[PDB]
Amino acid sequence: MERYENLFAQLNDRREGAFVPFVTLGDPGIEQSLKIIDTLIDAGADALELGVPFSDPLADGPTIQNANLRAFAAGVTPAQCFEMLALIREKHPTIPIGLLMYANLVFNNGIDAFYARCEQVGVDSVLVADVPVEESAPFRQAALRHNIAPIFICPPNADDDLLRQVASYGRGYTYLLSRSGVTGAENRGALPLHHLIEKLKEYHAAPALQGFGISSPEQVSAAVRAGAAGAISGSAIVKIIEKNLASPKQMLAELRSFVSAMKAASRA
């Protein structure tokens, strides 16, 4: 399908950036996670980035580490995540859905079979966090064979060779990393690097979404004003879940407020 291409064309026509929340699938349980995801969409999410719980998430700080653990405590497995994804797609036919995967979960019982499962449930992109472009060949090949966009990362200090490779190999969107380190709301990323945004455009890369440490509307606005197509926020969203575990109605109200304000900032 062409869900990212269609989204970005629509946003361009409206002179808007994307706001893309991240949550862990099944945190804090399957039913509540599905309601959280429906709330994110209703509140104005343009696309979703969804984590499949993994035992050792090496690119994640404590907030998302804890989300993974809550999902495991609820007995969540990749198979259950694919069941959830099928239900989300059935409700929401056009919203781009991206997965945050760790390599072993993709590699486990065959790379091709993984991407085939993604296509069957209607996923649009996969970002494999611990596979750099240098190791990416079998992943990106399988992705494209199954009509999945493979997502690559442009780090702050990316050299020209890497910019060209990311532009060529990726599809859907380019992940523009705010900063070094691991995920986390407290550690605020730098402003989007204009030079990287400009180079990716020069090389006809998929549109850039800035992520890591984006926790406030001002940061979303700054991403778009720097020329990024949008921004991703994970830890800030997940903190609202963590804070409100015993108050699920309050959880959804706070998620709605936050997502709405972050989306409003994408219009700047």
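Each form is matched to the other, and the largest set of C-alpha atoms that superpose within 1.5 Å is called the rigid core. Heads up: residue numbers just count along the shown sequence, starting at 1.
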Worksheet, complete the sentence: Quick note, superposing on core in 9 other deposited structures of this protein and taking C-alpha RMS, the more shifted stretch of 154-162 and 74-82 is 154-162
Practice prompt. Indicate yes or no: is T183 absent from the model in at least a third of the other PDB entries of this protein that were compared?
Written response: yes
Worksheet item: Among the other entries of this protein that model both neighbours of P192, is it absent from at least a third?
Response: yes
Practice prompt. Quick one: say whether 187-195 or 96-104 has the higher mean Cα B-factor in the deposited entry.
Written response: 187-195
Discussion item. Highest mean C-alpha temperature factor of the two stretches 198-206 and 237-245, which is it?
Written reply: 198-206
Item to complete: Have a look at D124, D160, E135, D130 and flag the one whose Cα has the highest B-factor in the entry.
Response: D160
Fill in: Top Cα B factor in the deposited entry, candidates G211, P62, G230, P217
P217
Item to complete: Check where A222 lands among this chain's C-alpha B-factors and tell me if it's the lowest, middle or highest third.
Response: highest
Discussion item. Is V20 in the lowest, middle or highest third of its chain when residues are ranked by C-alpha B-factor?
Written reply: lowest
Item to complete: Place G29 in the lowest, middle or highest third of its chain's C-alpha B-factors, as listed in the PDB entry.
Response: middle
Worksheet item: Which third of the chain does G172 land in by C-alpha B-factor: lowest, middle or highest?
Response: middle
Worksheet item: According to the PDB entry, is the CA B factor of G51 in the bottom, middle or top third of its chain, that is, lowest, middle or highest?
Response: lowest
